[PDB]
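Okay, final22.csv now, which holds CSV, C-alpha atoms:
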chain,number,residue,atom,x,y,z
U,542,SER,CA,-1.1,-10.3,1.1
U,543,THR,CA,-2.3,-6.8,0.1
U,544,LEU,CA,-5.2,-8.0,-2.1
U,545,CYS,CA,-5.9,-10.8,0.5
U,546,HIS,CA,-6.3,-8.0,3.1
U,547,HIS,CA,-8.1,-5.7,0.6
U,548,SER,CA,-10.6,-8.5,-0.1
U,549,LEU,CA,-11.4,-9.1,3.6
U,550,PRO,CA,-11.9,-5.4,4.6
U,551,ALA,CA,-14.0,-4.4,1.5
U,552,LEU,CA,-16.4,-7.4,1.7
U,553,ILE,CA,-17.5,-6.3,5.2
U,554,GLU,CA,-17.8,-2.6,4.1
U,555,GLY,CA,-20.0,-3.5,1.1
U,556,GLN,CA,-22.8,-4.8,3.3
U,557,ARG,CA,-22.7,-1.7,5.4
U,558,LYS,CA,-22.8,0.5,2.3
U,559,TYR,CA,-25.9,-1.3,0.9
U,560,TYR,CA,-27.8,-1.6,4.2
U,561,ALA,CA,-27.4,2.1,4.7
U,562,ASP,CA,-28.7,2.6,1.2
U,563,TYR,CA,-31.4,0.0,1.9
U,564,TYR,CA,-32.8,1.9,5.0
U,565,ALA,CA,-32.6,5.2,3.1
U,566,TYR,CA,-34.8,3.6,0.3
U,567,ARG,CA,-37.4,2.6,2.9
U,568,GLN,CA,-37.7,6.1,4.2
U,569,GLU,CA,-38.2,7.5,0.7
U,570,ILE,CA,-40.8,4.9,0.0
U,571,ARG,CA,-42.8,6.2,3.0
U,572,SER,CA,-43.0,9.7,1.5
U,573,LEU,CA,-44.2,8.3,-1.8
U,574,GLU,CA,-46.8,6.1,-0.1
U,575,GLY,CA,-48.2,9.0,1.9
U,576,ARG,CA,-48.2,11.8,-0.8
U,577,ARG,CA,-50.5,9.7,-3.0
U,578,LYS,CA,-53.1,9.5,-0.3
U,579,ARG,CA,-53.6,13.2,-0.2
U,580,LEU,CA,-54.1,13.2,-4.0
U,581,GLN,CA,-56.4,10.3,-3.6
U,582,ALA,CA,-58.4,12.3,-1.1
U,583,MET,CA,-59.0,15.0,-3.7
U,584,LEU,CA,-61.6,13.0,-5.5
U,585,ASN,CA,-63.4,12.3,-2.2
U,586,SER,CA,-64.2,15.9,-1.8
U,587,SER,CA,-65.4,16.1,-5.4
A,1,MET,CA,-14.4,2.1,4.4
A,2,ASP,CA,-16.3,1.0,1.2
A,3,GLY,CA,-14.4,2.6,-1.7
A,4,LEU,CA,-15.0,1.0,-5.1
A,5,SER,CA,-11.8,0.6,-7.1
A,6,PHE,CA,-12.7,-1.3,-10.3
A,7,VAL,CA,-16.2,0.3,-10.4
A,8,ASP,CA,-15.1,3.9,-10.0
A,9,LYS,CA,-13.8,5.0,-13.4
A,12,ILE,CA,-11.9,9.1,-9.8
A,13,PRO,CA,-9.6,11.8,-11.3
A,14,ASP,CA,-6.2,12.9,-10.0
A,15,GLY,CA,-7.8,16.2,-9.0
A,16,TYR,CA,-10.1,14.3,-6.6
A,17,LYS,CA,-6.9,12.7,-5.1
A,18,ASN,CA,-5.5,16.2,-4.5
A,19,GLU,CA,-8.8,17.5,-3.1
A,20,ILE,CA,-9.2,14.5,-0.7
A,21,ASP,CA,-5.6,14.7,0.4
A,22,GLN,CA,-6.0,18.4,1.4
A,23,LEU,CA,-9.0,17.2,3.6
A,24,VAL,CA,-6.7,14.6,5.2
A,25,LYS,CA,-3.9,17.0,5.6
A,26,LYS,CA,-6.2,19.5,7.4
A,27,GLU,CA,-7.1,16.8,9.8
A,28,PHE,CA,-3.4,15.9,10.2
A,29,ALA,CA,-2.6,19.5,11.2
A,30,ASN,CA,-5.4,19.4,13.9
A,31,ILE,CA,-4.4,16.1,15.5
A,32,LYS,CA,-0.6,16.8,15.0
A,50,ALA,CA,22.2,-8.6,21.3
A,51,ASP,CA,25.9,-9.3,20.8
A,52,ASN,CA,29.3,-9.1,22.4
A,53,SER,CA,32.0,-6.5,21.6
A,54,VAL,CA,31.8,-7.5,17.9
A,55,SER,CA,28.7,-5.4,17.5
A,56,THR,CA,30.5,-2.3,18.9
A,57,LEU,CA,33.3,-2.7,16.4
A,58,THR,CA,31.0,-3.4,13.4
A,59,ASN,CA,28.7,-0.4,14.2
A,60,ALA,CA,31.7,1.9,14.6
A,61,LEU,CA,33.4,0.8,11.4
A,62,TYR,CA,30.2,1.2,9.4
A,63,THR,CA,29.4,4.6,10.9
A,64,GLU,CA,32.9,5.9,10.2
A,65,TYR,CA,32.8,4.0,6.8
A,66,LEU,CA,36.5,3.1,7.5
A,67,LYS,CA,37.9,-0.4,7.1
A,68,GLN,CA,40.6,-2.0,9.3
A,69,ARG,CA,43.8,-2.3,7.4
A,70,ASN,CA,45.2,-5.7,6.4
A,71,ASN,CA,48.9,-6.6,6.3
A,72,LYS,CA,50.3,-6.1,2.8
A,73,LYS,CA,53.9,-6.4,4.1
A,74,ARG,CA,54.5,-9.6,2.1
A,75,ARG,CA,54.1,-7.7,-1.1
A,76,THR,CA,56.5,-5.0,0.2
A,77,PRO,CA,59.6,-7.2,1.0
A,78,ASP,CA,63.0,-6.3,-0.5
A,79,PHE,CA,66.4,-7.9,-0.8
A,80,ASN,CA,69.5,-7.2,1.4
A,81,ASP,CA,67.5,-6.3,4.5
A,82,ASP,CA,67.5,-7.2,8.2
A,83,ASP,CA,66.6,-10.3,10.2
A,84,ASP,CA,62.9,-9.5,10.5
A,85,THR,CA,62.8,-9.1,6.7
A,86,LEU,CA,64.6,-12.4,6.3
A,87,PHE,CA,61.5,-13.8,8.0
A,88,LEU,CA,59.5,-11.9,5.4
A,89,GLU,CA,61.3,-13.4,2.3
A,90,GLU,CA,61.0,-16.9,3.7
A,91,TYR,CA,57.3,-16.2,4.2
A,92,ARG,CA,57.1,-15.4,0.5
A,93,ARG,CA,58.7,-18.8,-0.3
A,94,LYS,CA,56.1,-20.7,1.8
A,95,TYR,CA,53.3,-18.6,0.2
A,96,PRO,CA,54.6,-19.5,-3.4
A,97,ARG,CA,54.8,-23.2,-2.6
A,98,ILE,CA,51.2,-23.1,-1.2
A,99,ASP,CA,50.1,-21.0,-4.3
A,100,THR,CA,51.6,-23.6,-6.7
A,101,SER,CA,49.9,-26.4,-4.7
A,102,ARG,CA,46.6,-24.6,-4.8
A,103,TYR,CA,47.0,-24.0,-8.6
A,104,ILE,CA,47.9,-27.6,-9.1
A,105,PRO,CA,44.6,-28.8,-7.6
A,106,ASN,CA,42.5,-26.5,-9.8
A,107,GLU,CA,44.4,-27.7,-13.0
A,108,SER,CA,43.7,-31.4,-12.0
A,109,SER,CA,40.0,-30.6,-11.4
A,110,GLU,CA,39.7,-28.8,-14.8
A,111,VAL,CA,36.7,-26.6,-15.7
A,112,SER,CA,34.5,-29.6,-14.8
A,113,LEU,CA,34.4,-28.3,-11.2
A,114,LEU,CA,33.4,-24.9,-12.4
A,115,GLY,CA,30.9,-26.6,-14.7
A,116,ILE,CA,29.0,-28.6,-12.0
A,117,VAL,CA,28.5,-25.6,-9.8
A,118,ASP,CA,27.0,-23.8,-12.8
A,119,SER,CA,24.4,-26.6,-13.2
A,120,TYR,CA,23.6,-26.1,-9.5
A,121,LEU,CA,22.9,-22.4,-10.1
A,122,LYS,CA,20.4,-23.0,-12.9
A,123,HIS,CA,18.3,-25.4,-10.7
A,124,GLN,CA,18.3,-22.8,-7.9
A,125,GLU,CA,17.3,-20.0,-10.3
A,126,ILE,CA,14.4,-22.1,-11.7
A,127,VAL,CA,12.9,-22.5,-8.2
A,128,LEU,CA,12.6,-18.7,-7.8
A,129,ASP,CA,10.7,-18.3,-11.2
A,130,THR,CA,8.1,-20.9,-10.1
A,131,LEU,CA,7.6,-18.9,-6.9
A,132,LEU,CA,7.0,-15.9,-9.0
A,133,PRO,CA,4.2,-17.7,-11.0
A,134,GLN,CA,2.6,-19.0,-7.8
A,135,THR,CA,2.3,-15.5,-6.3
A,136,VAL,CA,1.2,-14.1,-9.6
A,137,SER,CA,-1.6,-16.7,-9.9
A,138,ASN,CA,-2.8,-16.0,-6.4
A,139,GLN,CA,-2.8,-12.2,-6.6
A,140,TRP,CA,-4.8,-12.4,-9.8
A,141,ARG,CA,-7.3,-14.7,-8.0
A,142,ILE,CA,-7.8,-12.2,-5.2
A,143,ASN,CA,-8.4,-9.5,-7.8
A,144,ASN,CA,-10.8,-11.7,-9.7
A,145,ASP,CA,-12.9,-12.3,-6.6
A,146,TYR,CA,-12.9,-8.5,-5.9
A,147,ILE,CA,-14.0,-7.6,-9.5
A,148,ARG,CA,-17.2,-9.6,-9.3
A,149,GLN,CA,-18.1,-8.0,-6.0
A,150,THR,CA,-17.6,-4.5,-7.3
A,151,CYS,CA,-19.9,-5.0,-10.3
A,152,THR,CA,-22.6,-6.3,-8.1
A,153,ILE,CA,-22.1,-3.4,-5.7
A,154,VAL,CA,-22.4,-1.2,-8.8
A,155,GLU,CA,-25.9,-2.4,-9.7
A,156,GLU,CA,-27.2,-2.2,-6.1
A,157,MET,CA,-25.9,1.4,-5.9
A,158,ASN,CA,-27.3,2.3,-9.4
A,159,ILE,CA,-30.7,0.9,-8.6
A,160,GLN,CA,-30.7,2.8,-5.3
A,161,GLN,CA,-29.9,6.0,-7.1
A,162,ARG,CA,-32.7,5.4,-9.7
A,163,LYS,CA,-35.3,4.8,-7.0
A,164,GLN,CA,-34.2,7.9,-5.2
A,165,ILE,CA,-34.5,10.1,-8.3
A,166,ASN,CA,-38.0,8.7,-8.8
A,167,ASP,CA,-39.0,9.6,-5.2
A,168,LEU,CA,-37.6,13.2,-5.4
A,169,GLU,CA,-39.5,13.8,-8.7
A,170,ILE,CA,-42.7,12.2,-7.4
A,171,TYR,CA,-42.9,14.1,-4.1
A,172,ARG,CA,-42.8,17.4,-5.9
A,173,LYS,CA,-45.4,16.2,-8.4
A,174,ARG,CA,-47.8,15.2,-5.7
A,175,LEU,CA,-47.4,18.5,-3.8
V,1,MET,CA,18.3,-25.3,-1.1
V,2,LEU,CA,18.8,-22.4,1.3
V,3,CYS,CA,18.9,-22.0,5.1
V,4,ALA,CA,15.9,-20.4,6.8
V,5,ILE,CA,17.9,-18.5,9.4
V,6,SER,CA,20.9,-16.9,7.8
V,7,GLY,CA,20.2,-17.0,4.1
V,8,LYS,CA,23.0,-19.5,3.5
V,9,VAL,CA,23.4,-22.4,1.1
V,10,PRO,CA,23.9,-25.2,3.7
V,11,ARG,CA,26.7,-27.7,3.8
V,12,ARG,CA,24.9,-30.0,6.3
V,13,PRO,CA,21.2,-29.2,6.1
V,14,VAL,CA,18.8,-30.5,8.8
V,15,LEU,CA,15.0,-30.5,8.8
V,16,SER,CA,12.7,-30.2,11.8
V,17,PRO,CA,9.6,-32.5,12.1
V,18,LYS,CA,7.2,-30.0,13.7
V,19,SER,CA,7.5,-27.5,10.9
V,20,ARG,CA,9.3,-28.7,7.8
V,21,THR,CA,11.8,-25.9,7.1
V,22,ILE,CA,15.4,-26.7,6.0
V,23,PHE,CA,18.0,-25.2,8.2
V,24,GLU,CA,21.8,-25.3,8.5
V,25,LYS,CA,22.9,-27.6,11.4
V,26,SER,CA,25.0,-25.1,13.3
V,27,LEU,CA,22.4,-22.3,13.2
V,28,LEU,CA,19.5,-24.6,14.3
V,29,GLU,CA,21.6,-26.2,17.0
V,30,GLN,CA,22.4,-22.7,18.3
V,31,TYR,CA,18.7,-21.7,18.5
V,32,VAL,CA,17.5,-24.8,20.4
V,33,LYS,CA,20.2,-24.2,23.0
V,34,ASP,CA,19.2,-20.6,23.4
V,35,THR,CA,15.4,-21.1,23.6
V,36,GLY,CA,14.2,-24.7,23.0
V,37,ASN,CA,11.7,-24.0,20.2
V,38,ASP,CA,11.3,-23.9,16.5
V,39,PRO,CA,12.3,-20.4,15.2
V,40,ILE,CA,9.6,-20.1,12.5
V,41,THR,CA,6.4,-21.5,14.1
V,42,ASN,CA,7.4,-21.2,17.8
V,43,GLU,CA,6.6,-24.8,18.5
V,44,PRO,CA,8.4,-27.2,20.8
V,45,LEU,CA,11.6,-28.6,19.3
V,46,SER,CA,14.8,-30.2,20.5
V,47,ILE,CA,18.1,-31.3,19.1
V,48,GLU,CA,17.1,-35.0,18.9
V,49,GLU,CA,13.9,-33.9,17.1
V,50,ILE,CA,16.0,-32.7,14.1
V,51,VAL,CA,16.4,-35.0,11.1
V,52,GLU,CA,19.7,-34.8,9.1
V,56,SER,CA,27.0,-31.9,-2.1
V,57,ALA,CA,27.7,-28.2,-2.9
V,58,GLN,CA,30.6,-27.1,-5.0
V,59,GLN,CA,32.2,-23.7,-4.9
V,60,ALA,CA,34.9,-23.2,-7.5
V,61,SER,CA,37.7,-21.3,-5.8
V,62,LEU,CA,39.1,-18.4,-7.9
V,63,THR,CA,42.3,-18.9,-10.0
V,64,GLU,CA,43.9,-16.0,-8.0
V,65,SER,CA,43.5,-17.8,-4.7
V,77,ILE,CA,47.6,-13.9,0.4
V,78,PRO,CA,44.2,-12.8,-1.1
V,79,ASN,CA,42.2,-15.2,1.1
V,80,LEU,CA,44.0,-13.7,4.1
V,81,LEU,CA,44.0,-10.0,2.9
V,82,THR,CA,41.6,-9.2,0.1
V,83,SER,CA,38.8,-11.7,0.5
V,84,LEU,CA,38.5,-11.6,4.3
V,85,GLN,CA,38.3,-7.8,4.4
V,86,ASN,CA,35.5,-7.7,1.9
V,87,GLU,CA,33.5,-10.2,3.8
V,88,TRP,CA,33.7,-8.2,7.1
V,89,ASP,CA,33.1,-4.9,5.1
V,90,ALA,CA,30.0,-6.3,3.5
V,91,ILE,CA,28.7,-7.7,6.8
V,92,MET,CA,29.3,-4.3,8.5
V,93,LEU,CA,27.8,-2.0,5.9
V,94,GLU,CA,24.7,-4.1,5.2
V,95,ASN,CA,23.5,-4.5,8.8
V,96,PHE,CA,24.0,-0.8,9.5
V,97,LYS,CA,22.1,0.0,6.3
V,98,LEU,CA,19.5,-2.5,7.6
V,99,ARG,CA,19.3,-0.7,10.9
V,100,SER,CA,18.8,2.5,8.9
V,101,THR,CA,16.0,0.6,7.0
V,102,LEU,CA,14.3,-0.5,10.2
V,103,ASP,CA,14.3,3.0,11.8
V,104,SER,CA,12.8,4.7,8.7
V,105,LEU,CA,9.8,2.3,8.4
V,106,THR,CA,8.8,2.7,12.0
V,107,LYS,CA,8.8,6.5,11.3
V,108,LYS,CA,6.8,5.7,8.2
V,109,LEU,CA,4.5,3.4,10.2
V,110,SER,CA,3.7,6.4,12.4
V,111,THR,CA,2.9,8.6,9.4
V,112,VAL,CA,0.7,5.9,8.0
V,113,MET,CA,-1.5,5.4,11.1
V,114,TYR,CA,-1.9,9.2,11.8
V,115,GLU,CA,-3.1,9.9,8.3
V,116,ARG,CA,-5.3,6.8,8.5
V,117,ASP,CA,-6.9,8.1,11.8
V,118,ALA,CA,-7.1,11.5,10.1
V,119,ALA,CA,-9.2,10.0,7.3
V,120,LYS,CA,-11.4,8.1,9.8
V,121,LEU,CA,-12.4,11.5,11.3
V,122,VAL,CA,-13.2,12.8,7.8
V,123,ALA,CA,-15.6,9.9,7.2
V,124,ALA,CA,-17.1,10.1,10.7
V,125,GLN,CA,-17.6,13.8,10.1
V,126,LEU,CA,-19.0,13.4,6.6
V,127,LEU,CA,-21.4,10.5,7.4
V,128,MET,CA,-23.3,12.9,9.6
V,129,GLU,CA,-23.2,15.6,6.9
V,130,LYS,CA,-24.4,13.6,4.0
V,131,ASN,CA,-27.4,11.7,5.5
V,132,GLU,CA,-28.7,14.8,7.3
V,133,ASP,CA,-28.4,16.7,4.0
V,134,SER,CA,-30.4,13.9,2.3
V,135,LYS,CA,-32.9,13.9,5.2
V,136,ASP,CA,-33.5,17.7,4.8
V,137,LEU,CA,-34.3,17.0,1.1
V,138,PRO,CA,-37.0,14.5,2.3
V,139,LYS,CA,-38.4,17.0,4.8
V,140,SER,CA,-38.4,19.7,2.1
V,141,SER,CA,-41.2,18.0,0.2
V,142,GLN,CA,-43.5,18.4,3.2
I,102,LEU,CA,11.6,-5.5,8.7
I,103,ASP,CA,9.2,-7.6,6.6
I,104,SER,CA,6.5,-7.8,9.3
I,105,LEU,CA,6.1,-4.0,9.5
I,106,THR,CA,6.4,-3.7,5.7
I,107,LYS,CA,3.2,-5.7,5.7
I,108,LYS,CA,1.8,-3.1,8.2
I,109,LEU,CA,3.2,-0.3,6.0
I,110,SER,CA,1.7,-1.8,2.8
I,111,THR,CA,-1.8,-2.7,4.3
I,112,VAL,CA,-2.1,0.8,5.8
I,113,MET,CA,-1.1,2.8,2.6
I,114,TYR,CA,-3.4,0.8,0.4
I,115,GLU,CA,-6.2,1.2,2.8
I,116,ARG,CA,-5.4,4.9,3.4
I,117,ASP,CA,-5.8,5.6,-0.4
I,118,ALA,CA,-8.9,3.3,-0.3
I,119,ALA,CA,-10.4,5.3,2.6
I,120,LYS,CA,-9.2,8.5,0.7
I,121,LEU,CA,-11.5,7.5,-2.2
I,122,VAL,CA,-14.4,7.3,0.3
I,123,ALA,CA,-14.1,11.1,1.0
I,124,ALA,CA,-13.9,12.1,-2.7
I,125,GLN,CA,-17.2,10.2,-3.2
I,126,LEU,CA,-18.8,11.5,0.0
I,127,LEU,CA,-17.8,15.2,-0.7
I,128,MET,CA,-19.4,15.2,-4.1
I,129,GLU,CA,-22.7,13.8,-2.9
I,130,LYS,CA,-22.7,16.3,0.0
I,131,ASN,CA,-22.2,19.1,-2.6
I,132,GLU,CA,-25.1,17.8,-4.8
I,133,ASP,CA,-27.5,17.9,-1.8
I,134,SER,CA,-26.5,21.5,-1.1
I,135,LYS,CA,-27.4,22.9,-4.6
I,136,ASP,CA,-30.5,20.7,-4.8
I,137,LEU,CA,-32.0,22.1,-1.6
I,138,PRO,CA,-31.0,25.7,-2.2
I,139,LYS,CA,-32.5,25.8,-5.7
I,140,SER,CA,-35.7,24.2,-4.2
I,141,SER,CA,-35.9,26.3,-1.0
I,142,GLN,CA,-35.5,29.5,-3.1
I,143,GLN,CA,-38.5,28.7,-5.3

Could I get this file's structure written as structure tokens?
Amino acid sequence: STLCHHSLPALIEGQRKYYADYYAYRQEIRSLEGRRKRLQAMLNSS
Amino acid sequence: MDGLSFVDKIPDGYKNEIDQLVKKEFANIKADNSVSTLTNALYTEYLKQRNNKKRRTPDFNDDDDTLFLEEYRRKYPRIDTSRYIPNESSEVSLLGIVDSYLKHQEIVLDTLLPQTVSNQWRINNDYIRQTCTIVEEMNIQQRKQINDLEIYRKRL
Amino acid sequence: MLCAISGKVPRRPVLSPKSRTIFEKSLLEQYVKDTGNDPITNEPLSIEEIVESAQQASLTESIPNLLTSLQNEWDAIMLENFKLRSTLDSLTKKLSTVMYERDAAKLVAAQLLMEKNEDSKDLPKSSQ
Amino acid sequence: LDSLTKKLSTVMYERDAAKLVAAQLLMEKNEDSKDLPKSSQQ
């Protein structure tokens, strides 16, 4: 009954761990997608 | 809530360090009749009620109440010889058949031990596959993060 | 092979049809007269709903059944249940120490979830 | 007795499971401290 209870609580906490890491990956992707535009605008002034 | 067990390969010093954090939070938050009365009192005192051992004590050339005692010894010996005569007629056979009953009862307990052992392994086996998949999702998330931290400094 | 109320080895075992669990007759008849329901599953059960050999080799030294055997039975009944009341009081104290340290650990994670993500967010703001 | 022993067992296993959450979370919080301080210095 321990590992039956340990399976049920951990399987719901795994999705909350990943989706927290998923939304954190989307915010870091926005900083990468924006910083390249400022370097892309360097050759426009040239 | 999500703590990986099979994945995390967690020292005993981390158990002591985390327990101090828990302990610091712990400091902050800070039907029977009269037979039950006799049984609870006898067990709390640890003393047992005395039985009558007078039948072993009896002696010859004594008074009329002890004449009742020696005749009580005669009725007990006739009953004891009758009880011993039944056991002799039965033979070991009667002790043999009750032993066969005990082996059948004992085997049923061992099967319940395998059934619980098979099921607890299955719950662990399902958990082990989930931990390995949760490992790769966390490892890919960490690799993407270390790329972004390096790239943002490189662009600036 | 055993009774599911006392932990006996029954002499006249009876089984209930609402939940199949083998009970000794006197113990199951006592329960249905007290509260007319199955003790295990709490389902409706009556005396007519119930559906109806063991050898114990008496010892060679069988006075002792009056004196020595009968005192040991009511000693072992008395000491065990008192030790069992001592067992039930200690776990309810250990239940309280379990939930308080559990709620203590919940406040750690609630405190540290605000610490970690804002520390990571300040690393993302540091680049700008 | 056995019904609260299930409550005792499920709590103590989950308490040490939730205890491992803190050991992971404290080490990540510590890494974000030294990362930012060495960066904000330079």

*asked:* What's the separation between atom CA of residue V:1 and atom CA of residue A:111, in Å to one decimal place?
replied: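 Separating atom CA of residue V:1 from atom CA of residue A:111 is a distance of 23.5 Å.
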
*Contacts of residue V:129 at 12 Å (only C-alpha atoms; same-chain gap of 6+ positions) as a list in words*: residues 122, 123, 135 and 136 of chain V; 123, 126, 127, 128, 129, 130, 131, 133 and 134 of chain I

*For chain I, report every residue with an atom at most 9 Å from chain A (counting all atoms listed in the file), formatted as a ChimeraX atom specification.*
/I:115,117-125,127

*Could you check how far atom CA of residue U:567 sits from atom CA of residue I:137, in Å to one decimal?*
20.7 Å

Could you produce a table of the residues of chain U lying within 6 Å of chain A, with the nearest pair of atoms per residue and their separation in Å rounded to one decimal, using all atoms listed in the file, ordered by chain and increasing residue number, as a Markdown table?
| residue | atom | partner | partner_atom | distance |
| --- | --- | --- | --- | --- |
| U:544 | CA | A:142 | CA | 5.8 |
| U:551 | CA | A:2 | CA | 5.9 |
| U:554 | CA | A:2 | CA | 4.9 |
| U:555 | CA | A:2 | CA | 5.8 |
| U:576 | CA | A:174 | CA | 6.0 |

_To one decimal place in Å, what is the distance between atom CA of residue V:117 and atom CA of residue V:99?_
27.7 Å

Compile the residues of chain V that lie within 10 Å of chain I, evaluated using all atoms listed in the file, and express the compilation as a PDB file with C-alpha atoms, in the coordinates of the input.
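Heads up, here's the output in iface_28.pdb:
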ATOM      1  CA  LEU V  98      19.500  -2.500   7.600  1.00  0.00           C
ATOM      2  CA  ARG V  99      19.300  -0.700  10.900  1.00  0.00           C
ATOM      3  CA  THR V 101      16.000   0.600   7.000  1.00  0.00           C
ATOM      4  CA  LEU V 102      14.300  -0.500  10.200  1.00  0.00           C
ATOM      5  CA  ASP V 103      14.300   3.000  11.800  1.00  0.00           C
ATOM      6  CA  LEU V 105       9.800   2.300   8.400  1.00  0.00           C
ATOM      7  CA  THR V 106       8.800   2.700  12.000  1.00  0.00           C
ATOM      8  CA  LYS V 108       6.800   5.700   8.200  1.00  0.00           C
ATOM      9  CA  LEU V 109       4.500   3.400  10.200  1.00  0.00           C
ATOM     10  CA  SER V 110       3.700   6.400  12.400  1.00  0.00           C
ATOM     11  CA  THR V 111       2.900   8.600   9.400  1.00  0.00           C
ATOM     12  CA  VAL V 112       0.700   5.900   8.000  1.00  0.00           C
ATOM     13  CA  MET V 113      -1.500   5.400  11.100  1.00  0.00           C
ATOM     14  CA  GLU V 115      -3.100   9.900   8.300  1.00  0.00           C
ATOM     15  CA  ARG V 116      -5.300   6.800   8.500  1.00  0.00           C
ATOM     16  CA  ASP V 117      -6.900   8.100  11.800  1.00  0.00           C
ATOM     17  CA  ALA V 118      -7.100  11.500  10.100  1.00  0.00           C
ATOM     18  CA  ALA V 119      -9.200  10.000   7.300  1.00  0.00           C
ATOM     19  CA  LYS V 120     -11.400   8.100   9.800  1.00  0.00           C
ATOM     20  CA  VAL V 122     -13.200  12.800   7.800  1.00  0.00           C
ATOM     21  CA  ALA V 123     -15.600   9.900   7.200  1.00  0.00           C
ATOM     22  CA  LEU V 126     -19.000  13.400   6.600  1.00  0.00           C
ATOM     23  CA  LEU V 127     -21.400  10.500   7.400  1.00  0.00           C
ATOM     24  CA  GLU V 129     -23.200  15.600   6.900  1.00  0.00           C
ATOM     25  CA  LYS V 130     -24.400  13.600   4.000  1.00  0.00           C
ATOM     26  CA  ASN V 131     -27.400  11.700   5.500  1.00  0.00           C
ATOM     27  CA  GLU V 132     -28.700  14.800   7.300  1.00  0.00           C
ATOM     28  CA  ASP V 133     -28.400  16.700   4.000  1.00  0.00           C
ATOM     29  CA  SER V 134     -30.400  13.900   2.300  1.00  0.00           C
ATOM     30  CA  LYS V 135     -32.900  13.900   5.200  1.00  0.00           C
ATOM     31  CA  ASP V 136     -33.500  17.700   4.800  1.00  0.00           C
ATOM     32  CA  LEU V 137     -34.300  17.000   1.100  1.00  0.00           C
ATOM     33  CA  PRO V 138     -37.000  14.500   2.300  1.00  0.00           C
ATOM     34  CA  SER V 140     -38.400  19.700   2.100  1.00  0.00           C
ATOM     35  CA  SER V 141     -41.200  18.000   0.200  1.00  0.00           C
TER      36      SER V 141
END

As AutoDock Vina command-line options, please: the centre and edge lengths in Å, to one decimal, of an axis-aligned box enclosing every listed atom of stretch 127-141 of chain V with 3 Å added on each side.
--center_x -31.3 --center_y 15.1 --center_z 4.9 --size_x 25.8 --size_y 15.2 --size_z 15.4

*Spatial neighbours of stretch 124-128 of chain A, 12 Å, only C-alpha atoms, chain gap at least 6 places, as an MDAnalysis selection string*: (chainID A and resid 117:118 134:135) or (chainID V and resid 1:2 9 57)

_Sphere at (38.2, -26.4, -12.7), radius 12 Å, counting only C-alpha atoms: residues as a VMD selection string_ = (chain A and resid 102 to 118) or (chain V and resid 58 to 63)

_For a quick test of understanding: name the residues of chain U lying within 10 Å of chain V when counting only C-alpha atoms, and present them as a PyMOL selection string._
chain U and resi 561+565+568-569+572+576

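Distance annotation: of U:587, U:548, U:556, U:581, the residue with the minimal separation from chain I is U:548; atom set is all atoms listed in the file.
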
For chain U, list the residues within 8 Å of chain I, counting only C-alpha atoms, and write the list as a PDB file with C-alpha atoms, keeping the file's coordinate frame.
ATOM      1  CA  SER U 542      -1.100 -10.300   1.100  1.00  0.00           C
ATOM      2  CA  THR U 543      -2.300  -6.800   0.100  1.00  0.00           C
ATOM      3  CA  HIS U 546      -6.300  -8.000   3.100  1.00  0.00           C
ATOM      4  CA  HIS U 547      -8.100  -5.700   0.600  1.00  0.00           C
TER       5      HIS U 547
END

*Between V:128, V:104, V:14, V:94, which has the minimum distance to chain A (counting all atoms listed in the file)?*
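Under the stated criterion, the closest residue is V:94.
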
*Contacts of residue A:57 at 12 Å or less, counting all atoms listed in the file, minus same-chain residues fewer than 6 places along, as JSON, numbers by chain?*
{"A": [51, 63, 64, 65, 66, 67, 68], "V": [88, 89, 91, 92, 93, 96]}

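The smallest atom-to-atom distance between chain V and any of A:120, A:6, A:87, A:79, using all atoms listed in the file, is found for A:120.
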